[PDB]
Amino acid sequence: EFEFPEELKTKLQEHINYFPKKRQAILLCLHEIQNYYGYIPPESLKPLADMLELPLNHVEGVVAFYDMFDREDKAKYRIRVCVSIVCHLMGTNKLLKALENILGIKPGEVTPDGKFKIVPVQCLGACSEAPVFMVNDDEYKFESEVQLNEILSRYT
């Protein structure tokens, strides 16, 4: 019943043809699925397993293991907030407070329109520019609420 749109299926086949073995493309495929839907739809796992020539249980275990993948909440933009040591030291709590003031949500929550989800994450590798956050693939240093508000207004 569930079938990937041709535009996405083409992208998935491209990843499957990229590595010497089909099964090596599993994570690139799941990144592609999440980038398209704004989450991993549970129903997408069976046709993906078929394309990768892997059992469904294998694919389910992989999705559960790699925590960048979200099977529960659909969100257009994932605000990944570093909660590790350097960012904590430099102002994670100020960034989280500014996010709540602007968006009305706390970590783990999604805005009512399904536009933004705050995702607490471990060290993003930009510690010198702490406190760090990402908005999908874009990464930034949080400076203040006014600066953060201008950044978020670019995601429509």
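Numbers for residues come from their place in the sequence shown, where the first is 1.
- Stretches 59-67 and 109-117 differ in mean C-alpha B factor, with the higher average recorded for 109-117.
- The question of which stretch, 26-34 or 43-51, has the higher mean Cα B factor is settled in favour of 43-51.
- Ranked within its chain, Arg78 lands in the middle third, by CA B factor from the PDB record.
- The deposited CA B-factor of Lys11 belongs to the highest third of values across its chain.
- In the deposited entry, the Cα temperature factor of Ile102 places it in the highest third of its chain's modelled residues.
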